[PDB]
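Chemist: The amino acid sequence is not available; the structure is as follows:
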């Protein structure tokens, strides 16, 4: 029954938690989050303690234990 409780805080004043294993990439959490929230899979950015992480993350997610907070933001910058 080992699961990581990630509390992602969206810039739109949205607080949502997710329960998953610490042996998989952020692609799962990011997708399930973006898909559940109301975004796209071509414009996302996860901020963890000022460290922009992509959906293809893993090492950092593995380093964690369970109690970790994140901040989902939307920044692309065109031009």
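Modeler: Arrived safely. Numbers count the residues shown, from 1 in each chain.

Chemist: which residues touch the longest helix along the chain?
Modeler: Longest helix in the chain, counting residues (DSSP state H): helix 26-37. Applying Cβ atoms under 8 Å, 6 or more residues apart in numbering, the external contacts of helix 26-37 come out as 6, 8, 10, 14, 16, 18, 20, 40-41, 44, 46, 53-58, 61, 72. (Each C-beta comes from the backbone N, C-alpha and C, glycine too.)

Chemist: same check, this time on stretch 39-52
Modeler: With Cβ under 8 Å, 6+ apart as the test, stretch 39-52 has contacts from 8, 26, 30-31, 34-35, 53-55, 57, 60, 68, 70-76.

Chemist: Go again with 7 Å.
Modeler: 26, 30-31, 34, 53, 55, 60, 70-76 (Cβ atoms under 7 Å, 6 or more residues apart in numbering).

Chemist: how about the helices in the protein?
Modeler: 26-37, 59-63.

Chemist: and the ones you listed as a markdown table, adding distance to residue 2 and mean neighbour count?
Modeler: Formatted as a markdown table, these follow (distance: least, Cβ to Cβ, whole Å; neighbours: other Cβ atoms under 10 Å):
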| stretch | distance to residue 2 | mean neighbour count |
| --- | --- | --- |
| helix 26-37 | 16 | 16 |
| helix 59-63 | 13 | 13 |
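
Chemist: need those in a markdown table with distance to residue 1, can you?
Modeler: As requested, the helices of the chain are exported to a markdown table (distance: least, Cβ to Cβ, whole Å):
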| stretch | distance to residue 1 |
| --- | --- |
| helix 26-37 | 18 |
| helix 59-63 | 18 |
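
Chemist: For residue 2, the count of nearby residues, please.
Modeler: 8 (other Cβ atoms under 10 Å).

Chemist: which residues does it contact?
Modeler: Counting by Cβ under 7 Å, 6+ apart, residue 2 touches no other residue.

Chemist: give me phi/psi at it?
Modeler: phi -90, psi 120 (degrees, to the nearest 10).

Chemist: Residue 12 and residue 2: what is the separation?
Modeler: Per Cβ to Cβ, to the nearest Å, residue 12 is found 31 Å from residue 2.
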